[PDB]
Amino acid sequence: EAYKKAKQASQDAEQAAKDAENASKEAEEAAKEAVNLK
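Residues numbered from 1 in each chain as written, not as in the entry; some residues may be left out. Heavy atoms only, no water.

Solution NMR is the method the PDB entry lists for this structure.

Structure representation (structure tokens):
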């Protein structure tokens, strides 16, 4: 079932961390922080 385990440590923290980066992977491109690091 989905009783007593860590429900915060699962693919619910893994996926919500992935479509968290994905907007700054797209909206990087006006800065470009491969070729700036300052």
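**Considering the pattern of salt bridges**
Two side chains of opposite charge can pair, provided their charged atoms sit close to one another. Tallied over the entire structure, the rule returns two salt bridges. As a salt-bridge pair, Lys25 and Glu21 come within 2.5 Å of each other at their nearest N and O atoms. Given a relative accessible area of 55%, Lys25 falls into the exposed group. We classify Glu21 as partly exposed; its relative accessible area is 37%. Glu28 is the partner of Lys32 in a salt bridge, and the nearest nitrogen-oxygen pair spans 2.5 Å. Overall, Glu28 belongs to the buried group, its relative accessible area being 18%. (Salt bridge = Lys/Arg side-chain N within 4 Å of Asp/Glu carboxyl O. Buried < 20%, exposed > 50% of the residue type's maximum accessible area, 1.4 Å probe, protein only.)

**With respect to the environment of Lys7**
With respect to the helices, strands and loops of the structure, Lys7 is situated in the segment before α1 (11-14). Sequence separation between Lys7 and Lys38 is 31 residues, and the spatial gap between their C-alpha atoms is 38 Å. Apart from the residues within four sequence positions on either side, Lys7 is in contact with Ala2 and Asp12. At 2.7 Å, the side chain of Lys7 and the backbone oxygen of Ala2 are in polar contact. A polar side-chain atom of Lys7 sits 3.0 Å from the main-chain carbonyl oxygen of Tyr3. (Helix = DSSP H or I, 4+ residues; strand = E, 2+ residues; numbered from the N terminus. Contact = heavy atoms within 4.5 Å. Polar contact = N/O pair within 3.5 Å; in protein donor to acceptor, adjacent residues only side chain to side chain.)

**Section: unusual backbone geometry**
Look at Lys32: it is not a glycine, yet its phi comes out positive at around 85°. Looking at the element boundaries, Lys32 is found in the segment after α2 (22-26).

**Considering the side chain of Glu28**
On the secondary structure map, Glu28 appears in the segment after α2. A distance of 2.5 Å separates polar atoms of two side chains, one belonging to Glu28 and the other to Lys32.

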